[PDB]
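Throughout, protein chains are lettered first and strands after them, A, B, ... in sequence-line order, and every chain is numbered starting at 1. Scope of the values below: all heavy atoms of this structure, side chains included, with no hydrogens, waters or symmetry mates.
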Amino acid sequence: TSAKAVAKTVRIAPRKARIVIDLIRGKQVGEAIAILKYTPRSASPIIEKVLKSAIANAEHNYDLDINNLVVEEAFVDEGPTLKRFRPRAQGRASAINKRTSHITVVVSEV
Amino acid sequence: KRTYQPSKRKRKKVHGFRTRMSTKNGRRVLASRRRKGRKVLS
Amino acid sequence: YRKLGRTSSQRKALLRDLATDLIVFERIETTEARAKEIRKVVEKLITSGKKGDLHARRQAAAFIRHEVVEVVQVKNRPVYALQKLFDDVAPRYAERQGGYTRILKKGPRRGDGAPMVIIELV
Amino acid sequence: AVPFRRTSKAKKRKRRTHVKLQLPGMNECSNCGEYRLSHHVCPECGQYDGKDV
RNA sequence: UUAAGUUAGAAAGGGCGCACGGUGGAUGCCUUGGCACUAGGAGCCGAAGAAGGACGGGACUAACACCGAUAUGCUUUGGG
RNA sequence: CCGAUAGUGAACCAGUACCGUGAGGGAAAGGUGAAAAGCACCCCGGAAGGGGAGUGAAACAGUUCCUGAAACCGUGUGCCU
RNA sequence: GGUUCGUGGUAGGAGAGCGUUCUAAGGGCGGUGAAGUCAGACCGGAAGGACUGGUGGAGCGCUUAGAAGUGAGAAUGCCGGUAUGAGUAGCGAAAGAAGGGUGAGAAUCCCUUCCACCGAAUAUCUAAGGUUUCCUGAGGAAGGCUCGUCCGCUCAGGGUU
RNA sequence: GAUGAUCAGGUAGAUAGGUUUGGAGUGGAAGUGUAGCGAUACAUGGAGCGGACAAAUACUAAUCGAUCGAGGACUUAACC
Ligand SMILES: [Mg+2]
Ligand SMILES: [Mg+2]
Ligand SMILES: [Mg+2]
Ligand SMILES: [Mg+2]
Ligand SMILES: [Mg+2]
Ligand SMILES: [Mg+2]
Ligand SMILES: [Mg+2]
Ligand SMILES: [Mg+2]
Ligand SMILES: [Mg+2]
Ligand SMILES: [Mg+2]
Ligand SMILES: [Mg+2]
Ligand SMILES: [Mg+2]
Ligand SMILES: [Mg+2]
Ligand SMILES: [Mg+2]
Ligand SMILES: [Mg+2]
Ligand SMILES: [Mg+2]
Ligand SMILES: [Mg+2]
Ligand SMILES: [Mg+2]
Ligand SMILES: [Mg+2]
Ligand SMILES: [Mg+2]
Ligand SMILES: [Mg+2]
Ligand SMILES: [Mg+2]
Ligand SMILES: [Mg+2]
Ligand SMILES: [Zn+2]
């Protein structure tokens, strides 16, 4: 019926992935891929590979029609955070969260 | 100009093994670091 | 006129560099803001070229970079950007009033999202 | 200088009502048959949709 | 049709409820390690070079353990 | 008597790492499964990572992998705005 | 068992209890699913206690007594995790440009040309100090305030007469 | 005009750039010639240059697309 792909622990902040994933949620996969191609954000290429993986899964594992697919679900979940430090003035160090994302895309017929 | 202006010689002359051994209190220090089980005496 | 995030002298250097690149290569890829400034400067150099006389050649020479375009061979003598502007480029726009350049929009650059364009002679 | 109170979830979410992207301005080409930004050159065909290069 | 009046519906976003995930490592269960003792033993090592180390030794060896240029072991007596 | 924030500082290569000129100070960090049977092969991807297929009692047990609370982050939507 | 009078309450006195870990004895539950965990519209005067279902995958109640590391919301408490501020401040003195190349991918790596900057130095030695950072070949998780095909980074080999 | 917005335009075209002709402004280009030993002067010639100002000109770019956006509740009165 539907096909999912996930990109786990991608080194991009979830907020930055979500602002893009919100454009493709509900679109036909052809339009979704165009939207990602012409959205100049660092998340666009990453989300494109998850979406094209989901479509390949739908065509190979579940013999679905790639011409009739819609993005049923798309969401970003928090992955494990890398903890870093930036030296600041007066010997003080400030925390830096190098956040990671789990990016899920589900495609379905209609 | 910061404290800590390194010198190989000054480090060993002030804090080295032979300087520690040269005084009774120096030997107390070695004995204490052996007792605690330090990898590095002196 | 555009300040292109540069001081006065830096901006004159940039314009001279790009103007020469467009005369030498005839098609270059750059940022939209740079292309919209280059069309003004290159079209004036081509106008000088069309005027053709020594006074115009020397006005162009004050602007165009001293770059070798090619080595042609008769002995083999180099061809300078100024010579290309007065002998190759200018003569091919002899019956065209202005509008010697065109800007094709390309798309944003990966590292800074800068809107890139092709600017070309024609 | 500093926040007097932490910002609630609701208030944070209201502030972000306008923090979003717009869809790109695009359309299907005739010669290519695929999407392209208007007033841009289409790489699928490899030139400007109308003016051949 | 005009007039006067009444009432619906709406969600850019938000709230409550529910469902499903993510993160995180609490809880339970577990134990390689500890803690306190009892009974017995033993209470010293060193110029015949100690305690503690450094550097080495393997077919390849970074670390640990073991060993000392006879170096990842040698002789012998027993066990098996 | 303790049962991993406890019990030794130290269940794990700990007086280590790290800090300090030095004396000295001094951590964090346990659990796949009965067994590696540790995922052939196919697919998307440069890889990571996934989806199948297979193993297994279980893989929502997938090399840090028993359980997996709460904060916190999201998707969906019954009622309200 | 009735009658009568009572039952606001801080410090504080008095009483009766709930629940937690462990022990003993008795009696049980449990792979036909223990503890834990999640959910619920159930029960008791309270502390609290069941039942049913999901998850979990091996231990645990109950009765009576006993013993305590026995109950947390506050200590600018300690440790850990995660928010808020916020896609905000910042990205650490400076001149770049285009063409060609490489590559899955290039403002950022390589090459070319022009431009620009230092030049009693921003050049050449060399002591200290550092200790392999040097060279070559691979790499692109992390590090690099962006990117990265690159690197004083990772992995191998080498190299000092 | 911070950005949004506003306003002028998008070939049903002067919206911007170029081009042509002007203008302000500067003050006499280069080249050549003449005079001077020379510095220089004079002539050619209010010359040459001339961001942002003016008018003409479709040469270049405003291509090609897409998206959103009514179908009009009930009650009563008055005409009708
Ligand atoms: Mg400092
Ligand atoms: Mg130091
Ligand atoms: Mg200057
Ligand atoms: Mg401990
Ligand atoms: Mg635990
Ligand atoms: Mg500890
Ligand atoms: Mg894990
Ligand atoms: Mg009363
Ligand atoms: Mg009372
Ligand atoms: Mg009392
Ligand atoms: Mg228990
Ligand atoms: Mg639990
Ligand atoms: Mg207590
Ligand atoms: Mg607390
Ligand atoms: Mg602010
Ligand atoms: Mg600001
Ligand atoms: Mg800023
Ligand atoms: Mg910098
Ligand atoms: Mg000087
Ligand atoms: Mg090197
Ligand atoms: Mg980076
Ligand atoms: Mg490299
Ligand atoms: Mg006009
Ligand atoms: Zn096309």
Side-chain angles (χ1 to χ4, degrees), chain A residues 3-11 13-16 18-19 25 45 49-50 52-62 73-82 84 86 96 98 102 104, chain B residues 3-8 10-11 14-15 29-30 32-34 36-39 41, chain C residues 1 6-7 10 13-14 16-18 20-22 24-25 28-30 36 39-40 43-44 47 53-55 58-59 65-68 96-103 109-112 114 122, chain D residues 2-3 5-8 10 12-19 25-30 36 38-39 48-51:
Chain A
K4 90 179 299 186
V6 191
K8 291 211 171 65
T9 321
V10 190
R11 181 53 264 288
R15 292 185 71 221
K16 292 165 186 244
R18 282 187 189 124
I19 197 178
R25 181 176 300 125
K49 280 192 162 178
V50 179
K52 290 177 167 178
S53 191
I55 294 167
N57 292 355
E59 177 182 355
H60 182 261
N61 299 344
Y62 310 125
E73 313 177 15
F75 48 93
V76 178
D77 284 342
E78 300 183 342
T81 296
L82 297 175
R84 299 302 184 240
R86 178 138 288 281
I96 298 293
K98 298 267 183 86
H102 303 326
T104 296
Chain B
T3 78
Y4 200 51
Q5 301 298 335
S7 167
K8 284 190 251 287
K10 294 170 65 156
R11 176 162 169 84
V14 178
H15 304 304
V29 165
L30 294 177
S32 167
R33 295 180 67 84
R34 282 188 181 107
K36 198 174 191 191
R38 294 287 193 180
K39 191 89 179 72
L41 328 179
Chain C
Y1 56 81
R6 284 168 171 74
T7 65
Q10 290 167 0
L14 179 67
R16 294 176 66 173
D17 293 334
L18 289 173
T20 306
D21 293 340
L22 181 52
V24 163
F25 299 116
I28 64 158
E29 172 174 348
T30 195
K36 287 192 171 168
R39 67 186 172 166
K40 297 192 298 193
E43 288 193 13
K44 292 181 186 305
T47 298
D53 79 308
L54 182 66
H55 192 46
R58 287 189 178 181
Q59 289 177 242
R65 294 309 209 198
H66 196 240
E67 291 207 8
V68 174
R96 180 182 289 281
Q97 265 42 67
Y100 308 123
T101 50
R102 73 161 53 94
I103 298 174
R109 191 206 283 182
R110 175 185 179 262
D112 66 9
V122 280
Chain D
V2 310
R5 306 286 305 115
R6 65 186 301 165
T7 297
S8 72
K12 169 180 70 183
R13 289 162 180 164
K14 288 169 185 301
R15 181 177 71 241
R16 291 175 177 169
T17 183
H18 296 296
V19 318
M26 43 162 211
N27 50 209
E28 290 86 305
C29 190
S30 183
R36 54 172 290 279
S38 53
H39 297 101
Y48 201 62
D49 55 352
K51 183 65 66 175

(request) Could you tell me if H:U11 and H:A12 satisfy the stacking criterion of six-membered ring centres under 5.5 Å apart and ring planes within an angle under 30°? (result) no
(request) For C:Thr30, report the nucleic acid contact type (base, sugar-phosphate, nothing); a contact means any heavy atom under 4.0 Å. (result) sugar-phosphate
(request) Please work out if A:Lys4 contacts a base, only the sugar-phosphate, or nothing of the nucleic acid, heavy-atom cut-off 4.0 Å. (result) sugar-phosphate
(request) Quick one, give me the B/S/- string for nucleotides 9-26 of chain H, reading 5' to 3', where B means a protein heavy atom under 4.0 Å from the base and S means that only happens at the primed atoms, P, OP1 or OP2. (result) -B-----SBSS-------
(message) Between A:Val10 and B:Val29, which residue's closest nucleotide on RNA chain F lies nearer the 5′ terminus?
(response) B:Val29
(request) Grab the CG-P distance between C:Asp53 and H:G31 for me, whole Å please. (result) 12 Å
(request) Determine if G:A50 and its strand neighbour G:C51 meet both stacking conditions: ring centres closer than 5.5 Å and an interplanar angle below 30°. (result) yes
(request) Give A:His102 one of three labels, base, sugar-phosphate or nothing, depending on what nucleic acid heavy atoms sit under 4.0 Å from its own. (result) sugar-phosphate
(message) Run the salt bridge (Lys or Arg N to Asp or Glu O under 4.0 Å) test against A:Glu59 and tell me which residues pass, sequence neighbours left out.
(response) none
(message) Please encode protein proximity along nucleotides 104-109 of chain G as a string of B, S and -, counting only heavy-atom distances under 4.0 Å.
(response) -S-BB-
(message) At 4.0 Å (heavy atoms only), tell me whether C:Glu29 reaches a base, stays on the sugar-phosphate, or touches nothing.
(response) sugar-phosphate
(request) Give the rounded distance in Å between these two atoms: CD1 of A:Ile96 and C1' of G:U146. (result) 14 Å
(message) Which is more 5' along RNA chain E, the nucleotide nearest D:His18 or the one nearest B:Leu41? Just name the residue.
(response) D:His18
(request) Between G:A95, G:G87, G:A98, spot the one nearest the side chain of C:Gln10, thanks. (result) G:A95
(message) Looking at the base of G:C115, is there any donor atom on it, or on the side chain of C:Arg65, that sits under 3.5 Å from an acceptor on the other one?
(response) no
(request) Confirm or reject stacking between G:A121 and G:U122, applying the criteria of under 5.5 Å between six-membered ring centres and under 30° between their planes. (result) no
(message) By the 4.0 Å heavy-atom rule, please label A:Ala58 as base, sugar-phosphate, or nothing.
(response) nothing
(message) Would G:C29 and G:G59 qualify as a Watson-Crick or G-U pair, given that each of the two distances needs to be less than 3.5 Å?
(response) yes
(request) Classify the nucleic acid contact of A:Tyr62 as base, sugar-phosphate or nothing, counting any heavy atom under 4.0 Å across all strands shown. (result) sugar-phosphate
(message) Tell me if E:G40 and its neighbour E:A39 stack, counting it only when ring centres are under 5.5 Å and the plane angle is under 30°.
(response) yes
(message) How close do B:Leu41 and B:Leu30 get, counting heavy atoms only, and between which atoms?
(response) CB-CD2, 3.9 Å
(message) I'd like to know if A:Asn61 reaches the base of F:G51 with its side chain such that a donor and an acceptor end up less than 3.5 angstrom apart.
(response) yes
(message) Can you confirm whether E:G73 and E:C44 pair in Watson-Crick or G-U wobble fashion, both distances under 3.5 Å?
(response) no
(request) Taking syn as within 90° of 0 and anti otherwise, name the glycosidic form of E:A54. (result) anti
(message) Are H:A52 and C:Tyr1 stacked, with the base six-membered ring and the side-chain ring centres under 5.5 Å apart and planes under 30°?
(response) yes
(request) Classify the nucleic acid contact of C:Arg102 as base, sugar-phosphate or nothing, counting any heavy atom under 4.0 Å across all strands shown. (result) sugar-phosphate
(request) Could you tell me the separation between the CG atom of C:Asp21 and the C1' atom of G:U112, rounded to a whole number of Å? (result) 12 Å
(request) Check C:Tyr100 against C:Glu43 and note the closest heavy-atom contact, atom names and distance. (result) N-OE2, 3.3 Å
(message) By the 4.0 Å heavy-atom rule, please label A:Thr9 as base, sugar-phosphate, or nothing.
(response) nothing
(request) May I ask you to say what A:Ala3 touches in the nucleic acid, namely base, sugar-phosphate or nothing, with a heavy-atom cut-off under 4.0 Å? (result) nothing
(request) Let me know the distance between CZ of A:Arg86 and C1' of G:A89, rounded to the nearest Å. (result) 13 Å
(request) Describe the nucleic acid contact of C:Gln59 in one word from base, sugar-phosphate, nothing, applying a heavy-atom distance below 4.0 Å. (result) sugar-phosphate
(request) Provide, to the nearest angstrom, the distance between the NE2 atom belonging to C:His66 and the P atom belonging to G:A116. (result) 15 Å
(request) Could you check which nucleotide pairs with H:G25 in any of the strands shown, counting Watson-Crick or G-U wobble with both distances under 3.5 Å? (result) H:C49
(request) Pick base, sugar-phosphate or nothing for B:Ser32, based on heavy-atom distances below 4.0 Å to the nucleic acid. (result) sugar-phosphate
(request) Kindly label the base of F:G22 as syn or anti, based on whether its glycosidic torsion lies within 90° of 0. (result) anti
(request) Describe the nucleic acid contact of D:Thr7 in one word from base, sugar-phosphate, nothing, applying a heavy-atom distance below 4.0 Å. (result) sugar-phosphate
(message) Please report the distance, rounded to the nearest Å, between CZ in D:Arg5 and P in G:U84.
(response) 15 Å
(message) Within the 4.0 Å limit for protein heavy atoms, which parts of nucleotides 7-21 of chain F are touched? Write it as a string from 5' to 3', B for base, S for sugar-phosphate only, - for none.
(response) --------BS----B
(message) Students should find this one: the first and last nucleotides of RNA chain E, 5' to 3', lying under 4.0 Å from a heavy atom of chain A. What are they?
(response) E:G21 to E:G24
(message) Under 4.0 Å, counting only non-hydrogen atoms across every strand here, what does A:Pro45 touch: a base, just sugar-phosphate, or nothing?
(response) nothing
(request) Name the nucleic acid region contacted by A:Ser53, choosing base, sugar-phosphate or nothing; use a 4.0 angstrom heavy-atom cut-off, strictly under. (result) base
(request) Could you classify E:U77 for me, syn or anti, using a glycosidic angle within 90° of 0 as syn? (result) anti
(request) Take nucleotides 69-81 of chain F nucleotide by nucleotide from the 5' end and write B, S or -, depending on whether a protein heavy atom sits under 4.0 Å from the base, only from the sugar-phosphate, or from neither. (result) ---SSSSS-----
(message) Nearest heavy atom decides the nucleotide; on that basis, is D:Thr17 or B:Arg34 closer to the 5' end of RNA chain E?
(response) D:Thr17
(message) In this structure, are H:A58 and H:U57 stacked, using the six-membered base rings with centres under 5.5 Å and planes under 30°?
(response) no
(message) Please classify H:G13 as syn or anti, treating any glycosidic angle within 90° of 0 as syn.
(response) anti
(request) Confirm from the modelled atom types if D:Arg36 and H:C64 form a donor-acceptor pair under 3.5 Å, side chain to base only. (result) yes
(message) Measure CG/D:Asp49 against P/H:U63 and give the value in whole Å, please.
(response) 11 Å
(message) Looking at G:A67, which nucleotide sits across from it as a Watson-Crick or G-U wobble partner, both distances under 3.5 angstrom, or is there none?
(response) G:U21
(message) Just confirming the chi classification of G:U108, syn or anti, using 90° around 0 as the syn window.
(response) syn
(request) Provide, to the nearest angstrom, the distance between the CG atom belonging to D:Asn27 and the P atom belonging to H:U63. (result) 12 Å
(request) Counting Watson-Crick and G-U wobble pairs only, both distances under 3.5 Å, name the nucleotide matched with E:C16, or none. (result) F:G78
